[PDB]
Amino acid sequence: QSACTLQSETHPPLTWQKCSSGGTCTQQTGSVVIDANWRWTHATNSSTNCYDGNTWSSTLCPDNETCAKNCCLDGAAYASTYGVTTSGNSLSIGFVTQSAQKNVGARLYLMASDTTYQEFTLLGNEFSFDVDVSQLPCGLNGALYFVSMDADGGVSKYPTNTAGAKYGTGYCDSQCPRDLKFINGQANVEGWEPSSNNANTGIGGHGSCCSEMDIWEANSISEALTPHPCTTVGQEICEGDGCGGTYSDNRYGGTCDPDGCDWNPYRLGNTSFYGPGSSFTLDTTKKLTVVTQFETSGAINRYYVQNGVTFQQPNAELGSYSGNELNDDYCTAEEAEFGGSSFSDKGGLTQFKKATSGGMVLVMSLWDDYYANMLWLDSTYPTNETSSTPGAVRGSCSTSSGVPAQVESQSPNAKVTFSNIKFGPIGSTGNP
């Protein structure tokens, strides 16, 4: 697709800190851009919609190539349409915003320039941020994560995409998402199946796969840390059912690991570690600092800070594993005790180190879950199991509280605020 300018595109600014092993941090001035799927897609020379509700125009978009020639992405009114604001080093993402249409959440990328995403090399480095999850009930996910996207949004590889990173093109993740309207500079109208439960979304014939480091998927009840390897490290189109992920009949049927090697303290039996109020170690009614280190072995270390008090990731005992580091032993013990083979079949922490040794793009988002109702994060899951099934209980939420119709009507002013991003060598993000 191309870009149109019926609405001007002004990327909300966002500062962050780049830290050095020399004992200092220096402020960077970046900006954020909303993903192209959230934008108005219309004809290049009129206000006629290419996509509206959850169907495409038959005349403008008869096939994937024709649609991309005929259609453009427009600008975003960040605050009034999407409930997205920034304030210095802080980014606020709102949940439901009713304007002319219903908007639900947003997915945003950190930019390095008007036309490029900021790339981070995570291996041997650490990433720190602060987060307020107090306004995120059961069913929501305020996510901060990294994906192996191209820095330019795909423009150099797929020159039929001229909108680029300036308009939030190029998304991929370990779910091989098929709900994307544009992939590889073509539309995704071929095979488009409107969602029966969502008047604004559907599933197309193609998807967009890549490695995903979920630093933070969380709400006020539960939080999880999860690397997802893929057999191709970076962005790759997939076809139909071959995609696997959330949007295919068989989630395990593709090139990416949709489950990952996850560490959720509640799931591991530490049920007083993270939650709302004074009975929890980390009180989710207040802002929290989350620090994540990518050790050179491929292991991942985690600690937290709240009200000036530091807490390491709590220890877990799982089978023969005892410790508090997300490492090979943990991920092996997790598959043994809880089940699954997708993480190890996709190459585990060794294949994952290929992603973190390269560049990844920072993503911040808020979403509800029309497919699994976030029960994997904060409830008992899978829902054919019981509390006695090892690893089934991940939080205290009810089965039905994360149904989108419920959370969108009950908690429309839910929101997440991410702030004070700092990045640098291991041990450097506490620097002034």
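So that there is no doubt, residue numbering starts at 1 and follows the sequence shown.
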Legend entry - Entry-level comparison of average CA B-factors, 171-179 and 339-347, reporting the higher stretch: 339-347
Legend entry - Between the two ranges 191-199 and 104-112, the one averaging a larger CA B factor in the entry: 191-199
Legend entry - 321, 294, 274, 145, ranked by C-alpha B-factor: the highest one: 321
Inset, instruction - Return the residue from 14, 25, 414, 421 that has the highest Cα B-factor in the entry. - result: 25
Inset, instruction - Pull the Cα B-factor of residue 77 out of the PDB entry and bin it into the chain's lowest, middle or highest third. - result: middle
Inset, instruction - Tell me, lowest, middle or highest third: where does the Cα B factor of residue 140 rank within its chain? - result: lowest
Inset, instruction - Consider only the C-alpha atoms of the modelled residues in this chain, order them by B-factor as the entry records it, and name the third containing residue 89: lowest, middle or highest. - result: middle
Inset, instruction - Could you say whether, by C-alpha temperature factor, residue 354 belongs to the lowest, middle or highest third of its chain? - result: middle
Inset, instruction - Divide the modelled residues of the chain into thirds by Cα B-factor and specify which third, lowest, middle or highest, holds residue 229. - result: middle
